[PDB]
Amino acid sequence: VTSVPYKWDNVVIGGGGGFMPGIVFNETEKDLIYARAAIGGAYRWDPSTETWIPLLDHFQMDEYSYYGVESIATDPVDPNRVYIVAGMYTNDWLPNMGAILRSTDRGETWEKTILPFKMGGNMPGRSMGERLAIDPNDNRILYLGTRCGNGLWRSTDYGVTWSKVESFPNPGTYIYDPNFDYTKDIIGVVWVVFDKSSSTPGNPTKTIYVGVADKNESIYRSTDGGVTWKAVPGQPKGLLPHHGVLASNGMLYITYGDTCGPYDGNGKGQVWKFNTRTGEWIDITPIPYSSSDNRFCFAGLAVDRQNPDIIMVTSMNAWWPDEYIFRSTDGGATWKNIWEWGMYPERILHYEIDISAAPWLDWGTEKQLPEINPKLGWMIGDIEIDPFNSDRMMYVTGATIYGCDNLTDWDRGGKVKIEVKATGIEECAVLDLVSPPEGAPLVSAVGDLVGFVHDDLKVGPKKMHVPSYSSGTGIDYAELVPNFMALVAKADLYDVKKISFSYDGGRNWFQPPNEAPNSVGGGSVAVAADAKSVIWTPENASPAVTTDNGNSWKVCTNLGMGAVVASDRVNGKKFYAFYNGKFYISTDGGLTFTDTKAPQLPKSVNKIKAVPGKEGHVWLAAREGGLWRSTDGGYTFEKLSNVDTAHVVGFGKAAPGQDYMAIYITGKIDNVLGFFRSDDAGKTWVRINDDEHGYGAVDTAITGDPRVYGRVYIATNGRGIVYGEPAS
C-alpha cells in the first residue's frame, strides 16, 4: 500500500466541546500555556492567534489511550521541555500501559517511555492534579503521582527512566465506588508541589509537598529531597485535596472536597492555607463547612503570582443556579462570589459572558431565572490566573474553556468580561455523520452536544439539533429525498421522545408521539431511500420500524438486540441487517426480514452500508474480520483479499474515469494503520493519512462527499470531526 498526500483539518464545532480537566501555565515564560483533555490529547496556546494547537495527533488507533492526558508538566528552567503522563483508563477498556511522553520542542515532536502500570486520563478525579511535576532547581528531576496504589514515582534523567519512590508512605486509600469496574480503583497520589526556595539553582529541591487522595491523611512533606516523607502535622481530615499551590509568601493553599469529581453534587468542601514557615493551618473556606450552604467540593485553585494574597476557588458542583467562583484579595480572610442573590428570582452578576466563538453554549434556550444560559460553567475543576498578567484568568468546564483579560476590574467594582478561550480545541466524541447529496456538506451526531448542521466546514455552527437531548447517536437521510432526516439520541436530563425527524436537511427537528421500544433511546437509525419508513435500533433493543413518522412502531421480524441495520439507497422497500452471524434482507420497507443464507460471512460486523445509486450493493466493515461486499442484496458476499482490518466504510464522489463511488475506510492494510481510499471499487487502495495524522479512535463513522471528489469526513473519539482532501 502506497500513500497519497492529503490535507487534514477539523470540521469546526468551535469552543472545545468537552471536558479539559486541566490548564497549566509555564512559571517562567510569558504566554506559554498548555491544556489537557480527558479523551482528546493536549494543546499548546498560540498567543499570536489566540488559539490552541493540538500536540498528540500522531497517535494512531492502536495508541488511542494516549489521548487520555492524566497530567501535563512544563519546564520552568528550560521552557522548551514539556512532559505528559498519558493513558486513558486504569481498567481493561484499553490494553495499553501508561506512558510518560517527553518533548524538547515544545510538543511538536515526542518520545515516550512505557510504564509498568496504567494512567487514568478519563477516570474519576481527573481534574485533581497536577500529578506530574518538574523540579524547578534541578530540572533533571520529575515526580509522578499515580493511581491504583502505585504511589509516587520519580525520574532523575529528564523523564527517560522511572522508578517507584519506595519511601513514600501512602499511595492513597480513597476509591470512588468499589461496586463498579469503572469506579473501583484507588484515586491515588494527586499532586506534587516543590518549594523552590528550599534549594539553589542546579541542586535537587529539598522541600517537596505531596497531596494524596486519603480522607484520613492526605498531605505529605519531604525536607531532604525526597529521601524521607512525613505527614504534615495539624492537617484537616476527612476530605480530599484537589489542588495545592505554594505562594511566594510561603502559604500553601489547598482546596478540598468530599469526592474526587468531576460530576458530584451535594457536596462538602474546605479551603485551607498552611504556613510552611510556622506550621500553622488556617481555615479559609468561603462558605463555612458547618453551614448547610456549604454543599459542594471546592476544586479549582488559583493564586496570583504577583500578589500571594490574591486567590480564587471554584465549586464542583453546585449545579444550581450556577457554579461559584470566589475571589479573595486578603489571603482568604474575606471572599466575594462572582454573583450574588438579589430579589429572588433574580441574581446580581459581576460578569458578562461572550459566547460568540461557540454560540451553541447557550443551548439555544432562554432559562427561567435564577438560571441563565450561558452558564458560568460546571465541572470547574481547574482555574488559573496568568502568572505574568493579574488581569488574565482561564477556567475549564464540561464543555469549554472560558477566560477574561480584565480580571482586576472586579476589585474596582466593574464586571469581569468572560469569553470563550477554547478556539482551536476540538474534543467531541462523534457518533455518526452524513454528507447528503443536497443541502449542507455535513450533518453530525455527537456525544454531549447532540450534533450540528455544518454549512461551512470552517465556521462553527450556532445551535445544536435538539437542546433537550444529551447525545446524538445515529443519523440518516432519505437518499432520494435528502431533505428528510432522522436522528436518534440519548436524553439524560429530559423526558423527551428520543427520535427526531427533519424535513429541511437537519436544520429544524420535531419529535413524534411514540418511540420504538427502548430503555435509554440511543442506538442507530436507517431511513428508507424514498422516506416511506424508518428503522430505529435503540441501544440494547430490537430494531423497530415506523411507516407513519413515529406515530406507531412495529418490531422488525427475525432480528434482535445488537442487529446492525442499513437501508438500500435506491429501493425504499429494501433494508439490510447483520444479526447473530447471519445476513438478512427486507423487501417490505423494514416490516419483515429474511435470512439470505449467505454461504460466506464474517463472524461479526461493526458497520454495514449500502451504496448510493447501486441497488443491492452492501458493504460489511468487520474490523479484523476484514471488508466484505455484496452486489446481490446480501445473498452472496466476497471478502476483499487486499484489506486486513476495516472498522468503518463510506462512499464519496467517483474518481474521473471510474465507474464506482470512491470508497473510504479506517483500519489496516499491509501492516499499515490508518485511513484508506479506493477509486476502483476495492481493486486498489491508497493510504490517505500519514504518521503525523492518526487522531486516535476512528471506528464510529466515515463518509465521503457525494459532491466533492477526494474529500472524506471521519468521526473521532476526542478529536471532533476531521476531514481530509487531496493536497494541491
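The first residue of the shown sequence is 1; numbering continues from there.
On average the C-alpha atoms of 625 to 633 have higher B-factors than those of the other stretch, with 625 to 633 and 119 to 127 being the two compared. If you average the C-alpha B-factors over 566 to 574 and over 197 to 205, the higher value belongs to 197 to 205.
The PDB entry assigns the greatest CA B-factor among 435, 255, 307, 606 to 307.
Per the deposited coordinates, the residue with the largest Cα temperature factor out of 360, 651, 469, 410 is 410. Per the deposited record, the Cα B-factor of residue 680 falls in the middle third when ranked against the other modelled residues of its chain.
Annotation for residue 448: CA B-factor lies in the lowest third of the chain's modelled residues.
Among the modelled residues of the chain, residue 591 sits in the highest third by CA temperature factor in this PDB entry. Residue 668: CA B factor in the middle third of modelled residues in this chain (values from the PDB entry). Compared with the other modelled residues of the chain, the Cα B-factor recorded for residue 722 ranks in the lowest third.
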